[PDB]
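Number of protein chains: 4
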Amino acid sequence: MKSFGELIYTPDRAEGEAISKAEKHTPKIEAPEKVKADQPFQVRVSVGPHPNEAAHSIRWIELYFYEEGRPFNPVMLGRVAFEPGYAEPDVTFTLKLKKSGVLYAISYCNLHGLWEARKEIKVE
Amino acid sequence: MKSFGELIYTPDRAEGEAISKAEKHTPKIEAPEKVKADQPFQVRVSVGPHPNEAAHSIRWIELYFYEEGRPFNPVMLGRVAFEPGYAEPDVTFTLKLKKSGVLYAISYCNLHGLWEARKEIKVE
Amino acid sequence: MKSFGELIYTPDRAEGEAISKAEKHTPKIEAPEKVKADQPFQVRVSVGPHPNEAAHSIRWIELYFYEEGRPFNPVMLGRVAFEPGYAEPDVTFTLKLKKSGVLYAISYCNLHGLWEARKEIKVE
Amino acid sequence: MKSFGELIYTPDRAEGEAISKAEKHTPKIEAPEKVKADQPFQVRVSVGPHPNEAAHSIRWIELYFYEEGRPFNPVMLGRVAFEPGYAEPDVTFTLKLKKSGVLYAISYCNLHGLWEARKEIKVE
Ligand SMILES: [Fe+3]
Ligand SMILES: [Fe+3]
Ligand SMILES: [Fe+3]
Ligand SMILES: [Fe+3]
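Protein chains in written order, with the authors' numbering: chain A, 1 to 124; chain B, 1 to 124; chain C, 1 to 124; chain D, 1 to 124.
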């Protein structure tokens, strides 16, 4: 059968899809490569160009984090939901990290499923 | 008895509370007074200074909108949830409006309940 | 102007609406009148009959609680979101209470807004 | 590096974990093996025994569905969030399916991460 984690469009097989000739679902993560510990910084997450209507939109974005050295992983950092037609799939968070790891962005399209983005962030 | 809508701390009786000597829960809405129709703009919502830990944080922010002339109201625009300790209660949305109305921000504190902010926005 | 809490259709002015000739939005709360402290019980929340499609559904239900004697109120107990067309607006929670108070149910319709239901529960 | 989908504890490597000597995180899905199309049925999802407190609980459960023959997958069916200490990680949904596939349950623990359960459902 198939596992849930396999269902997710990784950014590697995100380019060789027929729907990525019309609309990008893979989230774009804007965030500094290095930050200071306990210091606040911005992370922007956005998807586009994609339609935005009742019948077809990015419904929500999930932001997770793999913390290096944490016993279990990942930690979910935030979740934002967008109203189709009113809100663009574009959001800025403010974060404080203690340790290095990887930011993950998950976008959900009501027609096109779950799309993943990854970004390394070091904490010095 | 008491109705749900009465339970919410309005920004009028938000100043005469004993807990607003230690921490502000009333959301701050940053958004243009006037925008063009169908044109995208930023709305920032933030709460602070408030603690941010497992035992005590702003768990989530809801962004709603009263659309003038819409038969029923309001329209929920977005919802963001923050992980205690990692995410600051500070978020930026991107919106497209068609008609004038009022932005509402609702913050939730796990100890201190529901707090409301209001901001008029005109669409010309 | 108008406050957010006033926008919510109470179950009193829920009967004298023109849309309640076609569809009920006011949640139905099924829960025992009295429970024992720290003891688990079921609470069912449902809305209907209402359409359930992409263009028109109950998007989500929020369950809150006014705890008698708690310094601030209310406590949000749960939140469930339903996929239009697949999930019925019908959910059962399991709760443990320590003190008496009032359960509140909030349903959201993407066309028809926010609807409220109230149910007293005693903890002996 | 590692992909997001790999981070998720499958129910296969869920038994050979040191924390499954103290608490089960893998969701239990109760649902009929076969249902009729467009006909409503119950799906119960629960996690336990697990602690339920501010510092440590199942925060939320996501219910997804792989629809056989659907161009893209999966469809998210529902999402429920539980207040630590008040709500048990136990929820019942009502669903209508049109086509056969697989139900997925994802539980989130604030310490122990993401846990997966799978259940085949036929629509005749
Ligand atoms: Fe799409
Ligand atoms: Fe507070
Ligand atoms: Fe309706
Ligand atoms: Fe755990």
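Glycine included, C-beta positions come from ideal geometry on N, C-alpha and C.
Can you check whether the C-beta of residue i is within less than 8 Å of a C-beta belonging to chain B?
i, result
"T10 of chain C", "yes"
"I106 of chain C", "yes"
"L63 of chain C", "no"
"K98 of chain C", "no"
"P32 of chain A", "no"
"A87 of chain A", "yes"
"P71 of chain A", "no"
Would you mind telling me which residues of chain C sit closer than 8 Å to residue i, beta carbon to beta carbon, in chain order?
i, result
"residue 125 of chain A", "The structure shown does not extend to residue 125 of chain A, since chain A spans only 1 to 124, so no value can be given for it."
Just the C-alpha distance for residue i and residue j, rounded to the nearest angstrom, thanks.
i, j, result
"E67 of chain D", "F72 of chain A", "31 Å"
"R59 of chain B", "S57 of chain D", "15 Å"
"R70 of chain D", "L114 of chain A", "14 Å"
"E116 of chain D", "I19 of chain D", "15 Å"
"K119 of chain B", "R44 of chain B", "12 Å"
"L77 of chain A", "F65 of chain A", "7 Å"
"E124 of chain D", "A37 of chain D", "6 Å"
"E30 of chain D", "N52 of chain C", "23 Å"
"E6 of chain C", "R13 of chain B", "15 Å"
"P32 of chain D", "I121 of chain D", "7 Å"
"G16 of chain D", "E62 of chain A", "28 Å"
"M1 of chain B", "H25 of chain B", "26 Å"
"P40 of chain B", "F82 of chain D", "34 Å"
"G48 of chain B", "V91 of chain A", "19 Å"
"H50 of chain D", "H112 of chain D", "11 Å"
"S3 of chain D", "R79 of chain B", "27 Å"
"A105 of chain D", "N110 of chain C", "26 Å"
"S46 of chain B", "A54 of chain D", "23 Å"
"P74 of chain C", "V75 of chain B", "23 Å"
"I8 of chain D", "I8 of chain C", "40 Å"
Chain C beta carbons: is any one of them nearer than 8 Å to that of residue i?
i, result
"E83 of chain D", "yes"
"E67 of chain B", "no"
"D90 of chain D", "yes"
"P27 of chain D", "no"
"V102 of chain B", "yes"
Between residue i and chain A, is the shortest Cβ-Cβ distance under 8 Å, so that the two count as touching?
i, result
"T94 of chain B", "yes"
"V75 of chain B", "yes"
For chain D, check one thing: does any of its Cβ atoms lie closer than 8 Å to the Cβ of residue i?
i, result
"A54 of chain B", "yes"
"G78 of chain C", "yes"
"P49 of chain C", "no"
"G16 of chain A", "no"
Less than 8 Å between the CB atoms is what I'm expecting for residue i and residue j, so what's the real figure, rounded?
i, j, result
"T10 of chain D", "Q42 of chain D", "At roughly 25 Å, the Cβ-Cβ gap does not stay under 8 Å, so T10 of chain D and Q42 of chain D are not in contact."
"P27 of chain C", "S100 of chain C", "About 21 Å separates the two Cβ atoms, so there is no contact after all."
"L97 of chain B", "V35 of chain B", "6 Å"
Just the chain B side, please: which residues come within less than 8 Å of residue i by C-beta, in chain order?
i, result
"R118 of chain C", "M1, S3 and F4"
Pull every residue with its beta-carbon under 7 Å away from any heavy atom of ligand 6, and keep them in chain order. Ligands displayed in this structure: ligand 1, ligand 2, ligand 3 and ligand 4; ligand 6 is not among them.
Indicate whether the contact test is met: 3 or more Cβ pairs, each with one atom in the region 79-97 of chain A and one in the region 16-35 of chain B, closer than 8 Å. Because the criterion of three Cβ pairs below 8 Å is not met, the region 79-97 of chain A and the region 16-35 of chain B do not touch.
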